[PDB]
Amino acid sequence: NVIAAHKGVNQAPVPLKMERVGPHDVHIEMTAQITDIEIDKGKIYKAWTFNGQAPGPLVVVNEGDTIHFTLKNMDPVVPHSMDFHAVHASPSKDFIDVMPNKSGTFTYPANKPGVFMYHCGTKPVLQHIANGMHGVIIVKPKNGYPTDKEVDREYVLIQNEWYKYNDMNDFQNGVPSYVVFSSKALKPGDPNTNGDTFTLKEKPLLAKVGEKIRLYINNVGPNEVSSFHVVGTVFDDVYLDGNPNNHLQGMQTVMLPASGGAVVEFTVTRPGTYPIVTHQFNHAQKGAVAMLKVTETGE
């Protein structure tokens, strides 16, 4: 399952490039690249990535923005592509392959608010997603969410699985080896991590006693659903897919399909460490536990 032209390849991460070019237009440039990521202690996965992160870098745009997206494929041998779930596009024209050492540019609107998956769309898509080519784009609602004024703090969390390396039989027929959370930064000083079994246990997300926390979440799969729960609290408000209309209240646990997103909000009332899990506990045991450390200052 090792591709000869990937042997010894470890392309250093490259920052996302984004810039606004109009009141409703934004440029985004990513790479597709092959990068070693430590997904569990002592376990390197030579991931297929956007920008050397898996999941990829966070993208945030405003509702109504047109994205002018460029992919620079640095993979020496495999084509790659980009599918944003946020956008209205022709898949056979706008989510098409970019060949090795080439670039492609595609343009399409994000008119729907929410927390969307993005991923490589190159056949076999399972292979590209499972090897690491997944991520989130957030589209901020033009009128906000009704509970905005209540939120004290926010983070992004993404859930994904890892399988046996580049093994299509395992991808289709096996249980995941690892299931993991990562967090992607929304503001300076936020963590920005990859999908691994340990970082958000050792370096918890931080908050202060009494705060209302918002998490933008997506379960990118490839294969499993997620039963998303924060220990020691109840979600005050949940917006399915991050659309303000899809409001629930007082949920213990939010069911996310594969590619499913949500905005969830909850209050942390006491100092301590609060695990964040998928409540499918086989997955939690295989890595899918993050921690939120709540202190009298926030740090």
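In case it trips you up, residue 1 is the first one in the sequence shown, and so on.
Engineer: Which is higher on mean Cα B factor in this entry, 163-171 or 144-152?
Structural biologist: Comparing 144-152 with 163-171, the higher average CA B-factor belongs to 144-152.
Engineer: So 186-194 or 116-124, which one's hotter by mean CA B-factor in the entry?
Structural biologist: Result of the comparison: 186-194.
Engineer: Sorting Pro222, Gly104, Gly132, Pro176 by Cα temperature factor from the record, which one lands on top?
Structural biologist: Highest C-alpha B-factor among the listed residues goes to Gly104.
Engineer: Go through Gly56, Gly242, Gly272, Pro257 one by one and give the residue whose Cα B-factor in the PDB entry is largest.
Structural biologist: By C-alpha B-factor in the record, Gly272 ranks first.
Engineer: Lowest, middle or highest third: where is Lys72 by C-alpha B factor in its chain?
Structural biologist: It falls in the top third of the chain.
Engineer: Sorting by Cα B-factor within the chain, modelled residues only, which third would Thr253 end up in: lowest, middle or highest?
Structural biologist: For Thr253, whose C-alpha B-factor we compare with every modelled residue in the chain, the answer is the lowest third.
Engineer: Is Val268 in the lowest, middle or highest third of its chain when residues are ranked by C-alpha B-factor?
Structural biologist: Highest third - that is where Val268 ends up once the chain's C-alpha B-factors are sorted.
Engineer: For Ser92, return the chain-relative third of its C-alpha B-factor as stated in the PDB record: lowest, middle or highest.
Structural biologist: Highest third, going by the recorded CA B-factors of the chain.
Engineer: Of the three thirds of its chain by CA temperature factor, lowest, middle or highest, which one includes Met30?
Structural biologist: Its C-alpha B-factor belongs to the highest third of this chain's values.
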